[PDB]
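Some notes on the structure that comes next.
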Amino acid sequence: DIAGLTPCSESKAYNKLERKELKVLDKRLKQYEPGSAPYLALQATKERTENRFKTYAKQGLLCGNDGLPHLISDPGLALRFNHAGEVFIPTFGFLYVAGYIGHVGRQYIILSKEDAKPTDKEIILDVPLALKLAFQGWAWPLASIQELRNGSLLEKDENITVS
Amino acid sequence: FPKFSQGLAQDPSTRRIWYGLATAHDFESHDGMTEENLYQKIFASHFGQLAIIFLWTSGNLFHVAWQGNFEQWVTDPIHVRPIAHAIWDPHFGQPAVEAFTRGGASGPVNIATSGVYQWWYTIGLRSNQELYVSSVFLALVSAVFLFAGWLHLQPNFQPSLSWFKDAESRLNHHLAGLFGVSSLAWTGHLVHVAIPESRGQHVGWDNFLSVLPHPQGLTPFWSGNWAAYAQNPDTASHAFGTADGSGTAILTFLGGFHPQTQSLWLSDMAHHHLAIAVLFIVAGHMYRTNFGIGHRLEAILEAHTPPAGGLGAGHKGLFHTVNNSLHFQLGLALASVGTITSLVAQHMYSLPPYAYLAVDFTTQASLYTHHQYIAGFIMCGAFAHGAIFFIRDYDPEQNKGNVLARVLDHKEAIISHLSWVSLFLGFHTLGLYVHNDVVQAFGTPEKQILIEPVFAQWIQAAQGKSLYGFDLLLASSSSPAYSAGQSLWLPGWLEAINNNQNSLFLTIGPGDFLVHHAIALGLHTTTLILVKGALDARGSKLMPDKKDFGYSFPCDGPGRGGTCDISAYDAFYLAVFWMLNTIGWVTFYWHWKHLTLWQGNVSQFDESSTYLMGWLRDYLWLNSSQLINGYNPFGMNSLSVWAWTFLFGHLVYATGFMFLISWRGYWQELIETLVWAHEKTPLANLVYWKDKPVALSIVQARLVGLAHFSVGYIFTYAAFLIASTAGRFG
Amino acid sequence: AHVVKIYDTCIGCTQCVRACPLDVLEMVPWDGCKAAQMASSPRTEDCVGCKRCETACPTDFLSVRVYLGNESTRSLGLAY
Amino acid sequence: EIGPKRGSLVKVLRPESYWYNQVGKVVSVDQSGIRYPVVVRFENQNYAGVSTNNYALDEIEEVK
Amino acid sequence: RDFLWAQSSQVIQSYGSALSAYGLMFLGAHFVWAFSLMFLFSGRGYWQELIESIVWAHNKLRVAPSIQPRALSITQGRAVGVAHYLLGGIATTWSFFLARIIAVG
Amino acid sequence: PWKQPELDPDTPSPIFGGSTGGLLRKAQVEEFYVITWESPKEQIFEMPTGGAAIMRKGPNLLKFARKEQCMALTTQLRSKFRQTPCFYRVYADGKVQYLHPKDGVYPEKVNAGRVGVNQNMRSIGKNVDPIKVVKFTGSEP
Amino acid sequence: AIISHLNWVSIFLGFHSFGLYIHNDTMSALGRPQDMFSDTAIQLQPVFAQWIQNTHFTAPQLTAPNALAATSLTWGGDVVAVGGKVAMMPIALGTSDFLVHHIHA
Ligand code: CLA
Ligand code: CLA
Ligand code: CLA
Ligand code: CLA
Ligand code: CLA
Ligand SMILES: CC1=C(/C=C/C(C)=C\C=C/C(C)=C/C=C/C=C(C)/C=C\C=C(C)\C=C\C2=C(C)CCCC2(C)C)C(C)(C)CCC1
Ligand SMILES: CC1=C(C/C=C(\C)CCC[C@H](C)CCC[C@H](C)CCCC(C)C)C(=O)c2ccccc2C1=O
Ligand code: SF4
Ligand code: SF4
Ligand code: SF4
């Protein structure tokens, strides 16, 4: 553990919160009959709730005095105390997806501007071209460093200034 | 009527009256002005603001001594409530005077919220006579300054322009005398007077020469045994007034708080302002003034130029830019003063310097909120007055290749990066708050994204807080930083920080994490709104020459797609909305986190501050119960004045929406219709205006509506802050 | 009492003259352009500061600018 | 011939202009001593909606 | 007191029940209402200049739209304000009423 | 023109019942404007202040309180009916001034007699910064 | 003349209608509830409305003899209960209903 936080398995308030959230459904389940569809819906919600709590405990999460799980952000403490999947690993997952959107839109912009009437290509897209680039962007990091090391990424003082 | 401007006097409309007030103290744009007459008129006016300050302080002393309960408060500071000024409102009824006479005084009164009672009591004031004597002293000092502003304007006693542009002499005299000697004397007061008054001894003008502060006297000071003044410090079991548990020390480095009065030791603060006097006197002897020794300011700036050329020419050409531009000097002063004003707010609540201030919950709030709100207003002025420099007092050819031109050259990069920070901070902060608002709503409070602020908890562990268990150097007994300062400050410091019943380094959770991130978004975006109005003050692609028009103008017309709100004045105008929004969050976070502490239930903030409905349910709606019942149909309490003001703010805030939303053109056509009626009416037509009536200008309405907007944004919270905290008394 | 200054980039379009209602702009011959015309602002005392003229100017940046200033009865458009 | 060739692209150097450090086709050039003879046409509009403007000899330079 | 501070108890305490949607719309409506104030109080001049400094970065990376970005027109700015203004002002009541009245009293 | 046409203050006016957009106390005290034109037939036209009125064959005369009210009518007559109006300015003292076709030719057409005014021989921009003129008025002049 | 005469009415109403609300607030905060505008107070009752309620209530007797009852129970009568809840019952107009009806105008 770290930062004076208990694991969620050993916490009492964590189990208190489980017994509470299930008690609401059991009271709500008493109204309806056993074989009815409202009964099946609530039993599934009961099954999901029981699964949500045990999985968060199994994953070595850290619960505070309030009883709710807390996340850790420094990769040093995350890797040292086995909490990397929380924040440190979600960061790489998103950046790969965010870069993919940039490398794709940047290429559609450059290529349509090499032809006549690029304004029409923005409001009326070339879907065959857009899908081609969208399935060619799996290795977007390679092309970026290829384009940076080459020097064809940035423009050089051919841009408008104001003074 | 404006004599300083003939252009407005010829105006026949009411625009003359309004613009005559707003351009009153703008001496540069006046008619027949000169650079020498400008500095003199400023120097005389700056004497005036001192005269109002010393009088404003004199009024509080008199109105407290004459009408307050300072003599009764010292005997029982905790239970007795302070009294600011009495009330005489003949429109009252009998139930109100019976409710507003809660104080021991006969008639109705207003309970104080500033905290002057705790301050005056600490420095050794224990009677109403001593406040009467003081109110006369400042009123004399106030009159002296008024006489000087008139005297130093006369044909003689009229300073020359070279006298104003002598920076090296001003620094040495102001750093050494105004800062140092004043700090040295304040230590002379704490030693010769205040510490004795704490330990029972009555020291005054009658007996300060006969009474020694220390038994040994000054013979340790000359001999070099300076540790004799720190021998017998005050014990923990020490009453702040009586000699029970007293000591003989005058300078000590105990650290921490005094046990009974949760406040800093007087012997420490006496030792503090002494060392500050030494550094500031030493710094005062730095620059060169009429003797061979000393540094020169221009020689330094010309020298600090890096060789490779990362900054080009560097800091060259800047001395004549700063020394000749008053707006430059004013932006730096506001920037520095604005920041300091926030330190006063952040460092007082955590380190109470006065006696029985931690217990006065209502007083800590007001002081923290008042300093924070002023901080933002002062900070906004520094940028705004920094933008006027680029228009009026900036010379590009003189400042060529230097840092100031190299910043203005690539401004598109700065404004771009600032925009990205605000966008990323805003999208993520709103998202986390929403994601938790929903997932709470579907009954699953465990699916929230609660991230622990590990980096801040790492500091508190590195500063003595053993809760988190990081076991850093200063939380570890083996480290040298614990070994050093073990005899000095750490026993008193470690006891306080680890105590979880004070505001010194409060516990942090994932709720405090989101609030800090939300603040960052407000600070970054507010700077972006201001920075843009400054750098783009000289010109934009939409308006290549803004500099020719001025700082404040309507617009350049409906052409080029529309140019409404381009001027740098309109950037400052929009930042104030954000400023108030930023300080609001900062202040909402202080109040609730402290209420839960004072009420004892800290779990209220930790669990409910993670989702927005907690802020609306548990903080706003809940604590607005005793306030709203100030005047009920059954009766009225003492909080009726605050509920009335409560609504008064809600109303003023809404009236500004008129001037903001509804523009001029709707109204001028309307005033033309009333003019027709006033002339066609049989008897009223005999009366005729001297100045023609017209609607308010475009820029005037932006100003007026912002005043109605900000006053409601302050009067509403002040009532809520004082009423919520006063009614619960915790 | 507004100020109206025309600059060297005028090309003699006459669109500024046709637009401004108060007849504050007229055309004068000149040798700088193809059209051999240039504007002028003889009577700015009647300028209401509407700024329609600047909109008419079809150059990269305006050869006609109306620098607002001190007001008057004629400038404020007061029928009364 | 006094100035750049017909149909030739050139780069602008007016600091005031919307098209500054940008490229445009030369539509025509007048050789009668006018101060601003060079007529240039750009694809991108300005804020008003105009895509042409007469520039000078010194204010234009070769592309890129 | 007796209308707002009282009848708002059913909406606020709706979290964890079937009326939870009204508690969300109650807040969402306040957001859209305030959001309109940016459009009514400001003007198209500040925005069009800000986009220029943004176009520089999009231009620096050779990723810029051929359709030039332009700030919302003065008339549109005003229309966009009153729309988000009325929507937030009306939707609040729609949440403050149905939650109050469905949970009778 | 060849010569300025002096004002005939007694000419028939159009047939107009009246309205509330007429003249106020400013007119008798400070100044007012009057417009003249010559129509070939009887027609209907929109007034700047108020509603519709019927012209009269021959000379016509109106009185207005603003120059914009007069020039607003010239643009209507020159476009719709293709006429040539001329309007003056009358002070309270009785003085009269002939304003709009001051040269006889409308301003949108050149004439050799005219002389340039407020003509800067430089490009927009390309002018001194305000600091150079910090203590007197004007950066553009 | 239209806009001028109509401007005077709006100012007349907002003062004599909204100003009455502020008078009651100020009187209450000062501890003078006897001076407010209310039922136990300086009553301003809508006599014209009250007379119309009774006229439509006593219509089946005289003005509409074949009518078995009145058009609605809002005019006057007895309560109609359904499922332990009241469907409609007579609405009484007082000093408050006088201020609000004017606030609308
Ligand atoms: C390929 C499209 C594209 C690309 C590559 C970029 C890239 C960039 N933008 Mg950006 N932007 C875009 C579209 C794009 N933008 C659009 C459509 C808008 C209008 C909403 C903006 C508005 C905008 C602002 C206000 C800012 C940026 C900024 C930036 C820079 C920092 C990243 C950022 O936080 O931006 C912000 C990201 C967004 C606002 C999200 C854009 C919306 C989607 C997710 C992207 C559009 C993709 C496109 C529609 C798909 C077409 C693909 C094609 C095959 C059909 C960066 C270089 C910041 C900057 O100036 O850098 C310092 C900045 O302040 N952008
Ligand atoms: C050391 C402090 C200091 C000093 C010496 C100055 C000096 C000056 N400022 Mg500056 N300023 C300061 C701080 C300071 N300022 C701060 C902190 C801000 C940020 C808020 C500003 C923001 C600012 C702006 C934005 C402008 C100036 C301007 C000026 C110039 C004078 C304008 C004038 O005569 O206005 C006189 C104005 C008035 C008399 C009207 C003030 C009325 C206030 C707003 C009403 C307050 C509300 C009301 C009383 C509340 C009552 C409560 C009610 C319930 C009873 C002058 C150089 C102007 C300038 O230089 O123009 C080029 C200008 O445009 N200043
Ligand atoms: C930072 C310096 C400083 C400050 C702010 C104070 C503040 C105070 N002292 Mg203290 N004191 C100081 C230094 C200081 N002292 C030093 C260095 C000593 C050692 C001698 C003392 C010894 C002392 C005694 C013995 C007594 C005080 C008392 C007081 C209190 C009332 C004074 C009064 O009403 O004026 C009364 C003023 C006079 C009788 C005349 C003062 C004469 C000096 C030399 C004039 C200074 C004017 C100064 C230049 C003003 C600045 C403006 C300038 C441009 C003109 C007040 C809290 C009295 C008290 O009751 O406190 C508990 C008291 O009896 N003080
Ligand atoms: C039509 C009804 C109505 C209206 C129009 C208002 C209007 C207003 N009220 Mg109000 N109020 C009402 C009814 C109403 N109230 C009722 C019935 C009660 C209970 C009796 C209250 C009790 C009340 C209190 C106690 C207060 C107000 C305040 C305000 C003003 C704050 C405005 C603002 O923008 O500040 C800024 C808005 C915010 C900072 C956000 C609002 C609260 C959020 C949820 C806190 C979030 C902080 C945290 C950092 C998260 C945000 C970060 C983000 C990035 C996610 C405002 C003018 C406040 C005030 O006086 O202004 C200072 C004030 O303190 N009201
Ligand atoms: C709470 C905010 C507020 C207030 C107070 C007002 C008030 C008013 N509005 Mg606005 N309206 C508002 C919000 C507000 N509006 C907003 C935000 C918008 C944007 C859409 C509009 C848009 C708007 C338009 C377009 C128009 C109005 C009109 C009016 C005026 C109607 C005439 C009238 O009833 O006055 C009566 C006086 C009052 C209602 C004030 C009540 C408070 C009391 C009675 C005053 C007490 C005075 C006190 C005793 C004296 C103290 C003196 C002291 C110095 C000692 C009135 C002054 C109309 C108008 O002006 O033409 C007639 C107009 O057409 N409103
Ligand atoms: C536009 C303009 C301008 C601007 C201004 C401004 C606005 C500025 C700013 C700003 C500010 C207002 C700032 C502040 C600051 C502060 C800082 C930056 C700090 C820091 C840091 C440090 C160094 C620290 C250290 C430490 C210590 C001491 C001990 C403990 C630890 C720690 C770390 C804490 C001017 C006028 C100039 C000029 C021109 C115009
Ligand atoms: C109502 C309104 C008016 C007209 C408002 C007028 C004419 C009211 C001002 C005059 C009254 C008589 C002053 C009322 C007295 C004040 C309550 C106190 C003033 C105190 C000062 C003397 C210090 C505008 O001119 C205007 C212009 C631009 C945007 C919005 C608006 C706008 O909303
Ligand atoms: S400020 Fe008013 S007049 Fe000027 S452009 Fe904007 S809407 Fe038009
Ligand atoms: S509108 Fe501009 S380009 Fe056209 S004639 Fe006038 S000054 Fe020349
Ligand atoms: S400001 Fe208006 S009236 Fe004056 S010249 Fe320009 S367009 Fe014509």
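Each chain in the structure tokens gets a letter, A, B, ..., in the order shown, and its residues are numbered from 1; ligands are numbered from 1 in order too.
Residue list for chain E within 7 Å of chain A: residues 60, 61, 62, 63, 64, 65, 66 and 67 of chain E, counting only C-alpha atoms.
Each residue with an atom within 7 Å of any atom of ligand 5 appears in the list, which was built counting only C-alpha atoms and all ligand atoms: residues 651, 652, 654, 655, 656, 657, 658, 661 and 662 of chain B; 7, 10, 11, 12, 13, 14, 15, 18, 19 and 22 of chain G.
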Distance filter 12 Å, only C-alpha atoms, chain E against chain D, as a PyMOL selection string: chain E and resi 45+48-49+52+59+65-71
Please identify every residue of chain B that has at least one atom no farther than 9 Å from an atom of chain F, counting only C-alpha atoms, and for each give the shortest atom pair and the distance in Å to one decimal, arranged by chain then increasing number, as a Markdown table.
```
| residue | atom | partner | partner_atom | distance |
| --- | --- | --- | --- | --- |
| B:28 | CA | F:135 | CA | 7.4 |
| B:29 | CA | F:135 | CA | 7.9 |
| B:31 | CA | F:136 | CA | 8.3 |
| B:32 | CA | F:136 | CA | 7.9 |
| B:33 | CA | F:135 | CA | 6.5 |
| B:34 | CA | F:135 | CA | 6.6 |
| B:35 | CA | F:135 | CA | 7.8 |
| B:391 | CA | F:130 | CA | 7.0 |
| B:392 | CA | F:131 | CA | 5.4 |
| B:393 | CA | F:131 | CA | 5.6 |
| B:394 | CA | F:131 | CA | 6.7 |
| B:395 | CA | F:131 | CA | 6.9 |
| B:544 | CA | F:125 | CA | 7.6 |
| B:545 | CA | F:125 | CA | 6.8 |
| B:547 | CA | F:130 | CA | 7.0 |
| B:548 | CA | F:139 | CA | 6.3 |
| B:549 | CA | F:139 | CA | 8.9 |
| B:676 | CA | F:24 | CA | 7.6 |
| B:679 | CA | F:25 | CA | 7.6 |
```
Distance filter 10 Å around ligand 10, atoms: only C-alpha atoms and all ligand atoms, out as a PyMOL selection string: (chain C and resi 1-5+16-26+40-56+64-68+75) or (chain F and resi 68)
Interface list for chain F, partner chain C, 8 Å threshold, only C-alpha atoms, as a ChimeraX atom specification: /F:23-27,65-68,71-72,100,107-112,114-124,140
Just the selected residues (N, CA, C and O atoms), exported as a short mmCIF file (atom, residue, chain, number, x, y, z; two decimals), in the first residue's frame, please.
```cif
data_model
loop_
_atom_site.label_atom_id
_atom_site.label_comp_id
_atom_site.auth_asym_id
_atom_site.auth_seq_id
_atom_site.Cartn_x
_atom_site.Cartn_y
_atom_site.Cartn_z
N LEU F 23 -40.80 68.10 -37.55
CA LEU F 23 -39.76 68.93 -36.96
C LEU F 23 -40.06 69.19 -35.49
O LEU F 23 -41.22 69.27 -35.08
N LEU F 24 -39.00 69.34 -34.71
CA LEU F 24 -39.08 69.57 -33.28
C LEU F 24 -38.53 70.95 -32.95
O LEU F 24 -38.24 71.75 -33.85
N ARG F 25 -38.39 71.26 -31.66
CA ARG F 25 -37.95 72.58 -31.23
C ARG F 25 -36.53 72.90 -31.69
O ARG F 25 -36.15 74.08 -31.75
N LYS F 26 -35.74 71.88 -32.03
CA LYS F 26 -34.39 72.11 -32.52
C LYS F 26 -34.41 72.91 -33.82
O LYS F 26 -33.50 73.70 -34.09
N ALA F 27 -35.44 72.70 -34.65
CA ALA F 27 -35.46 73.32 -35.97
C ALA F 27 -35.56 74.83 -35.88
O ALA F 27 -34.83 75.55 -36.58
N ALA F 65 -35.32 67.95 -40.50
CA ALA F 65 -34.44 68.33 -39.40
C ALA F 65 -33.05 67.74 -39.51
O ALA F 65 -32.18 68.09 -38.70
N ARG F 66 -32.80 66.85 -40.48
CA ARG F 66 -31.51 66.20 -40.62
C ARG F 66 -31.13 66.12 -42.09
O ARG F 66 -31.99 66.03 -42.97
N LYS F 67 -29.82 66.14 -42.34
CA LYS F 67 -29.32 66.02 -43.70
C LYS F 67 -29.53 64.61 -44.23
O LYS F 67 -29.75 64.43 -45.44
N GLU F 68 -29.46 63.61 -43.36
CA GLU F 68 -29.66 62.24 -43.79
C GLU F 68 -31.10 62.00 -44.25
O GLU F 68 -31.34 61.22 -45.17
N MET F 71 -31.02 63.41 -47.90
CA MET F 71 -30.27 62.60 -48.85
C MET F 71 -30.88 61.21 -49.01
O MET F 71 -30.72 60.56 -50.04
N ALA F 72 -31.58 60.73 -47.97
CA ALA F 72 -32.31 59.48 -48.10
C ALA F 72 -33.40 59.59 -49.16
O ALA F 72 -33.74 58.60 -49.81
N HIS F 100 -25.60 70.08 -51.47
CA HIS F 100 -25.21 68.76 -51.96
C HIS F 100 -24.60 68.79 -53.36
O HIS F 100 -23.45 68.36 -53.52
N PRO F 107 -21.39 64.12 -56.60
CA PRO F 107 -20.01 63.84 -56.17
C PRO F 107 -19.40 62.60 -56.80
O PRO F 107 -18.17 62.49 -56.88
N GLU F 108 -20.23 61.67 -57.24
CA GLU F 108 -19.73 60.44 -57.85
C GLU F 108 -19.22 60.63 -59.27
O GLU F 108 -18.81 59.64 -59.89
N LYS F 109 -19.23 61.85 -59.80
CA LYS F 109 -18.67 62.17 -61.11
C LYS F 109 -17.61 63.24 -60.94
O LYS F 109 -17.80 64.20 -60.18
N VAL F 110 -16.49 63.07 -61.63
CA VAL F 110 -15.37 64.00 -61.49
C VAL F 110 -15.72 65.33 -62.13
O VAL F 110 -16.63 65.43 -62.96
N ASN F 111 -14.98 66.37 -61.74
CA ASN F 111 -15.06 67.67 -62.38
C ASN F 111 -13.75 68.39 -62.15
O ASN F 111 -13.10 68.22 -61.12
N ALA F 112 -13.36 69.21 -63.13
CA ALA F 112 -12.02 69.79 -63.12
C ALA F 112 -11.86 70.84 -62.02
O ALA F 112 -10.74 71.11 -61.57
N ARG F 114 -12.75 70.84 -58.89
CA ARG F 114 -12.60 70.38 -57.52
C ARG F 114 -11.13 70.30 -57.12
O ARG F 114 -10.25 70.08 -57.96
N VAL F 115 -10.88 70.48 -55.83
CA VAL F 115 -9.54 70.45 -55.24
C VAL F 115 -9.55 69.42 -54.12
O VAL F 115 -10.53 69.33 -53.36
N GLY F 116 -8.47 68.67 -54.00
CA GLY F 116 -8.43 67.58 -53.03
C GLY F 116 -8.30 68.11 -51.61
O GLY F 116 -7.70 69.16 -51.37
N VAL F 117 -8.87 67.36 -50.67
CA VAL F 117 -8.84 67.70 -49.26
C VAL F 117 -8.66 66.42 -48.46
O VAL F 117 -9.25 65.38 -48.78
N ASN F 118 -7.84 66.50 -47.41
CA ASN F 118 -7.55 65.36 -46.54
C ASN F 118 -6.99 64.19 -47.34
O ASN F 118 -7.47 63.05 -47.23
N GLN F 119 -5.97 64.47 -48.14
CA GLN F 119 -5.35 63.49 -49.02
C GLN F 119 -3.94 63.21 -48.55
O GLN F 119 -3.04 64.04 -48.74
N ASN F 120 -3.74 62.06 -47.93
CA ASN F 120 -2.41 61.61 -47.56
C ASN F 120 -1.77 60.88 -48.73
O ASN F 120 -2.39 60.05 -49.39
N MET F 121 -0.50 61.21 -48.98
CA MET F 121 0.25 60.69 -50.11
C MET F 121 1.04 59.45 -49.74
O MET F 121 2.13 59.23 -50.27
N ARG F 122 0.51 58.64 -48.83
CA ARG F 122 1.15 57.43 -48.36
C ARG F 122 0.15 56.29 -48.34
O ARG F 122 -1.05 56.48 -48.52
N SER F 123 0.67 55.09 -48.12
CA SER F 123 -0.18 53.93 -47.97
C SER F 123 -0.81 53.91 -46.59
O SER F 123 -0.29 54.49 -45.64
N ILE F 124 -1.97 53.26 -46.49
CA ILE F 124 -2.54 52.97 -45.19
C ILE F 124 -1.53 52.13 -44.41
O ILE F 124 -0.79 51.32 -44.99
N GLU F 140 -2.47 60.02 -37.29
CA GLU F 140 -2.84 60.01 -38.70
C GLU F 140 -2.57 61.34 -39.41
O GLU F 140 -2.20 61.31 -40.59
#
```
Which residues are close to residue 4 of chain F, i.e. within 10 Å by only C-alpha atoms, leaving aside same-chain residues fewer than 2 positions away? Reply as a short mmCIF file (atom, residue, chain, number, x, y, z; two decimals) with N, CA and C atoms, in the first residue's frame.
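Here's the written file out-v7.cif:
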```cif
data_model
loop_
_atom_site.label_atom_id
_atom_site.label_comp_id
_atom_site.auth_asym_id
_atom_site.auth_seq_id
_atom_site.Cartn_x
_atom_site.Cartn_y
_atom_site.Cartn_z
N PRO F 1 -22.86 74.37 -60.13
CA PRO F 1 -23.57 74.55 -61.39
C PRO F 1 -23.12 75.82 -62.10
N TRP F 2 -23.84 76.22 -63.15
CA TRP F 2 -23.63 77.54 -63.72
C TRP F 2 -23.73 78.61 -62.65
N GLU F 6 -31.04 80.16 -55.92
CA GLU F 6 -31.50 80.70 -54.65
C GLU F 6 -32.82 80.06 -54.26
N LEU F 7 -33.13 80.12 -52.97
CA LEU F 7 -34.27 79.40 -52.43
C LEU F 7 -35.56 80.17 -52.68
N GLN F 97 -27.89 78.02 -47.09
CA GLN F 97 -26.69 77.40 -47.62
C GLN F 97 -27.06 76.26 -48.56
N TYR F 98 -26.37 76.21 -49.70
CA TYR F 98 -26.64 75.25 -50.77
C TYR F 98 -25.57 74.18 -50.72
N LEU F 99 -25.98 72.94 -50.42
CA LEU F 99 -25.05 71.92 -49.95
C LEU F 99 -24.65 70.89 -51.01
N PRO F 101 -25.29 69.30 -54.41
CA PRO F 101 -24.58 69.48 -55.69
C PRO F 101 -23.82 70.80 -55.68
N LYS F 102 -22.83 70.89 -54.80
CA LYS F 102 -22.15 72.17 -54.57
C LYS F 102 -21.41 72.64 -55.81
N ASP F 103 -20.97 71.71 -56.64
CA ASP F 103 -20.35 72.01 -57.92
C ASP F 103 -21.32 71.89 -59.09
N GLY F 104 -22.58 71.56 -58.83
CA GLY F 104 -23.55 71.29 -59.87
C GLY F 104 -23.55 69.86 -60.37
#
```
Exercise answer, 9 Å around ligand 3 with only C-alpha atoms and all ligand atoms, as number ranges by chain: B: 120, 123-127, 129-138, 141-142, 144-145, 181-194, 197, 202-209
At most 6 Å from ligand 6 (only C-alpha atoms and all ligand atoms): residue list as a PyMOL selection string: chain B and resi 328+331-332+335-336+339+382-383+386-387+534
Expected file contents, prior selection, C-alpha atoms, as a compact mmCIF listing (two decimals), in the first residue's frame:
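Saved to again.txt:
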```txt
# COMPACT_ATOMS: atom_id res chain seq x y z
CA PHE B 328 5.29 49.48 -17.60
CA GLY B 331 2.02 46.67 -14.53
CA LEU B 332 5.03 45.18 -12.66
CA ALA B 335 1.70 42.02 -10.83
CA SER B 336 3.92 41.88 -7.68
CA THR B 339 0.56 37.99 -6.14
CA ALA B 382 -1.28 44.71 -14.38
CA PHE B 383 -2.06 43.10 -17.79
CA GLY B 386 0.61 46.34 -19.57
CA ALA B 387 -1.36 46.48 -22.82
CA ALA B 534 -1.90 42.95 -24.95
```
Nearby residues, ligand 7, 6 Å, only C-alpha atoms and all ligand atoms, as a PyMOL selection string: chain B and resi 658-659+662-664+695-698+701
Residue nearest residue 16 of chain E - candidates B:653, B:229, B:164, B:442, atoms counted: only C-alpha atoms: B:442
Residue neighbourhood segment 472-488 of chain B, 9 Å, only C-alpha atoms, exclusion window fewer than 6 positions, as a list in words: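 The contact residues come out as residues 253, 254, 255, 458, 459, 460, 461, 462, 463, 464, 465 and 466 of chain B.
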One-decimal distance in Å that lies between atom CA of residue 30 of chain D and atom CA of residue 57 of chain D: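 Going from atom CA of residue 57 of chain D over to atom CA of residue 30 of chain D covers 11.0 Å.
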